[PDB]
Amino acid sequence: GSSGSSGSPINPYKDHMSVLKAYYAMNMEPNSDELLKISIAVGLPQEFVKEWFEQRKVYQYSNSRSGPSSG
């Protein structure tokens, strides 16, 4: 707790990331339809984005407490 933000700045490249985090944050498992667009809005190859989403499952299923992948 004890959290609170007024507003986040804008990133030139990071954008490609934040965006992906914005889609997932709303939906856990996207559909072939979304996946495509997701990689489009950013310009990345749907093939790549796909794996990116799959990985998330690894952590979501694996215990976070224990030394996770990153963070």
# chains A, B, ... in the order shown; residues from 1 in each chain; ligands from 1
call {"tool": "residues_around", "arguments": {"residues": "range 32-35 of chain A", "least_positions_apart": "4", "cutoff": "8 Å", "atoms": "only C-alpha atoms", "output": "list in words"}}
result
residues 39, 46, 49 and 50 of chain A
call {"tool": "select_by_dssp", "arguments": {"residues": "range 6-69 of chain A", "states": "helix (DSSP H, G or I)", "output": "PyMOL selection string"}}
result
chain A and resi 15-26+32-42+46-61
call {"tool": "closest_residue", "arguments": {"among": "A:14, A:1, A:8, A:20", "to": "residue 40 in chain A", "atoms": "only C-alpha atoms"}}
result
A:20
call {"tool": "atom_distance", "arguments": {"atom1": "CA of residue 67 in chain A", "atom2": "CA of residue 21 in chain A"}}
result
21.4 Å
call {"tool": "residues_around", "arguments": {"residues": "residue 56 in chain A", "least_positions_apart": "3", "cutoff": "12 Å", "atoms": "only C-alpha atoms", "output": "PyMOL selection string"}}
result
chain A and resi 20-21+24-25+27-30+49-53+59-62+64+68-70
call {"tool": "atom_distance", "arguments": {"atom1": "CA of residue 7 in chain A", "atom2": "CA of residue 26 in chain A"}}
result
19.0 Å
call {"tool": "atom_distance", "arguments": {"atom1": "CA of residue 9 in chain A", "atom2": "CA of residue 44 in chain A"}}
result
22.5 Å
call {"tool": "decode", "arguments": {"residues": "range 2-36 of chain A", "atoms": "N, CA, C and O atoms", "output": "CSV table (one decimal), in the first residue's frame"}}
result
chain,number,residue,atom,x,y,z
A,2,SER,N,0.3,2.3,0.5
A,2,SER,CA,1.0,3.6,0.6
A,2,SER,C,1.5,4.0,-0.8
A,2,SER,O,2.6,4.5,-0.9
A,3,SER,N,0.7,3.7,-1.8
A,3,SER,CA,1.1,4.0,-3.2
A,3,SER,C,0.3,5.2,-3.8
A,3,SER,O,-0.7,5.5,-3.2
A,4,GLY,N,0.7,5.7,-4.9
A,4,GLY,CA,0.0,6.7,-5.6
A,4,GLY,C,0.8,7.5,-6.6
A,4,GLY,O,1.9,7.9,-6.3
A,5,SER,N,0.3,7.7,-7.8
A,5,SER,CA,1.0,8.4,-8.9
A,5,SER,C,0.1,9.4,-9.5
A,5,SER,O,-1.1,9.3,-9.5
A,6,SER,N,0.7,10.5,-10.0
A,6,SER,CA,0.0,11.6,-10.6
A,6,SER,C,0.0,11.5,-12.1
A,6,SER,O,-1.0,11.9,-12.8
A,7,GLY,N,1.1,11.0,-12.6
A,7,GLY,CA,1.2,10.8,-14.1
A,7,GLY,C,2.6,10.3,-14.5
A,7,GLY,O,3.6,10.7,-13.9
A,8,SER,N,2.6,9.5,-15.5
A,8,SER,CA,3.9,8.9,-16.0
A,8,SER,C,4.3,9.6,-17.3
A,8,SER,O,3.5,10.0,-18.1
A,9,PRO,N,5.6,9.8,-17.4
A,9,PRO,CA,6.2,10.5,-18.6
A,9,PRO,C,6.0,9.6,-19.9
A,9,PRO,O,5.4,8.6,-19.9
A,10,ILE,N,6.6,10.1,-21.0
A,10,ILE,CA,6.6,9.4,-22.3
A,10,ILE,C,8.0,8.9,-22.7
A,10,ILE,O,9.0,9.6,-22.5
A,11,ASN,N,8.0,7.7,-23.2
A,11,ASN,CA,9.3,7.1,-23.6
A,11,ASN,C,9.3,6.9,-25.2
A,11,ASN,O,8.3,6.6,-25.8
A,12,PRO,N,10.4,7.2,-25.8
A,12,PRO,CA,10.6,7.0,-27.2
A,12,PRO,C,10.6,5.6,-27.7
A,12,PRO,O,9.8,5.2,-28.6
A,13,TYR,N,11.4,4.7,-27.1
A,13,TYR,CA,11.4,3.3,-27.4
A,13,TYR,C,10.6,2.5,-26.5
A,13,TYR,O,9.7,1.7,-26.9
A,14,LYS,N,10.8,2.7,-25.2
A,14,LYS,CA,10.1,1.9,-24.1
A,14,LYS,C,8.6,1.8,-24.6
A,14,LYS,O,7.9,0.8,-24.2
A,15,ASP,N,8.1,2.7,-25.3
A,15,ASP,CA,6.7,2.7,-25.8
A,15,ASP,C,6.3,1.3,-26.2
A,15,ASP,O,5.3,0.8,-25.8
A,16,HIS,N,7.1,0.7,-27.1
A,16,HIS,CA,6.9,-0.6,-27.6
A,16,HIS,C,6.6,-1.6,-26.5
A,16,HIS,O,5.8,-2.5,-26.6
A,17,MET,N,7.2,-1.3,-25.3
A,17,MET,CA,7.0,-2.2,-24.2
A,17,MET,C,5.8,-1.8,-23.4
A,17,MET,O,4.8,-2.6,-23.4
A,18,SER,N,5.7,-0.7,-22.8
A,18,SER,CA,4.6,-0.2,-22.1
A,18,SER,C,3.3,-0.7,-22.8
A,18,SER,O,2.4,-1.3,-22.1
A,19,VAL,N,3.2,-0.4,-24.1
A,19,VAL,CA,2.0,-0.8,-24.8
A,19,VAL,C,1.6,-2.2,-24.6
A,19,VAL,O,0.5,-2.5,-24.1
A,20,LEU,N,2.5,-3.1,-24.8
A,20,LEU,CA,2.3,-4.6,-24.6
A,20,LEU,C,1.8,-4.8,-23.2
A,20,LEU,O,0.9,-5.7,-22.9
A,21,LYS,N,2.4,-4.1,-22.2
A,21,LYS,CA,2.0,-4.2,-20.8
A,21,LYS,C,0.6,-3.7,-20.6
A,21,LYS,O,-0.1,-4.1,-19.6
A,22,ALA,N,0.1,-2.8,-21.4
A,22,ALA,CA,-1.2,-2.2,-21.3
A,22,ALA,C,-2.3,-3.2,-21.8
A,22,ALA,O,-3.3,-3.3,-21.2
A,23,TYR,N,-1.9,-4.0,-22.8
A,23,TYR,CA,-2.9,-4.9,-23.4
A,23,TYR,C,-3.0,-6.1,-22.4
A,23,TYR,O,-4.1,-6.5,-22.1
A,24,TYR,N,-1.9,-6.7,-22.0
A,24,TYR,CA,-1.9,-7.8,-21.1
A,24,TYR,C,-2.6,-7.5,-19.8
A,24,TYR,O,-3.4,-8.2,-19.3
A,25,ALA,N,-2.2,-6.3,-19.2
A,25,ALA,CA,-2.8,-5.9,-18.0
A,25,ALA,C,-4.3,-6.0,-18.0
A,25,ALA,O,-4.9,-6.3,-16.9
A,26,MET,N,-4.9,-5.8,-19.1
A,26,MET,CA,-6.4,-5.9,-19.3
A,26,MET,C,-6.8,-7.3,-19.5
A,26,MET,O,-7.7,-7.8,-18.9
A,27,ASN,N,-6.1,-8.0,-20.5
A,27,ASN,CA,-6.4,-9.4,-20.8
A,27,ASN,C,-5.2,-10.3,-20.5
A,27,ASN,O,-4.1,-10.0,-20.9
A,28,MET,N,-5.5,-11.4,-19.9
A,28,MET,CA,-4.4,-12.3,-19.5
A,28,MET,C,-4.0,-13.1,-20.8
A,28,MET,O,-2.8,-13.2,-21.1
A,29,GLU,N,-5.0,-13.7,-21.4
A,29,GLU,CA,-4.7,-14.5,-22.6
A,29,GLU,C,-5.4,-14.0,-23.8
A,29,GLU,O,-6.6,-14.2,-24.0
A,30,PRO,N,-4.7,-13.2,-24.7
A,30,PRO,CA,-5.3,-12.6,-25.9
A,30,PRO,C,-5.6,-13.7,-27.0
A,30,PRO,O,-5.2,-14.8,-26.9
A,31,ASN,N,-6.4,-13.2,-28.0
A,31,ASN,CA,-6.8,-14.1,-29.1
A,31,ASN,C,-6.0,-13.8,-30.3
A,31,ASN,O,-5.6,-12.7,-30.5
A,32,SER,N,-5.9,-14.8,-31.2
A,32,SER,CA,-5.2,-14.6,-32.5
A,32,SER,C,-5.4,-13.3,-33.1
A,32,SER,O,-4.5,-12.6,-33.6
A,33,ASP,N,-6.7,-12.8,-32.9
A,33,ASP,CA,-7.1,-11.5,-33.4
A,33,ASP,C,-6.3,-10.4,-32.7
A,33,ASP,O,-5.6,-9.5,-33.4
A,34,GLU,N,-6.3,-10.4,-31.4
A,34,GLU,CA,-5.6,-9.4,-30.6
A,34,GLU,C,-4.0,-9.5,-30.9
A,34,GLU,O,-3.4,-8.5,-31.3
A,35,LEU,N,-3.5,-10.6,-30.6
A,35,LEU,CA,-2.1,-10.9,-30.7
A,35,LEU,C,-1.5,-10.2,-32.0
A,35,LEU,O,-0.6,-9.4,-31.9
A,36,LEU,N,-2.2,-10.4,-33.1
A,36,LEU,CA,-1.8,-9.7,-34.3
A,36,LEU,C,-1.7,-8.2,-34.2
A,36,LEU,O,-0.6,-7.6,-34.3
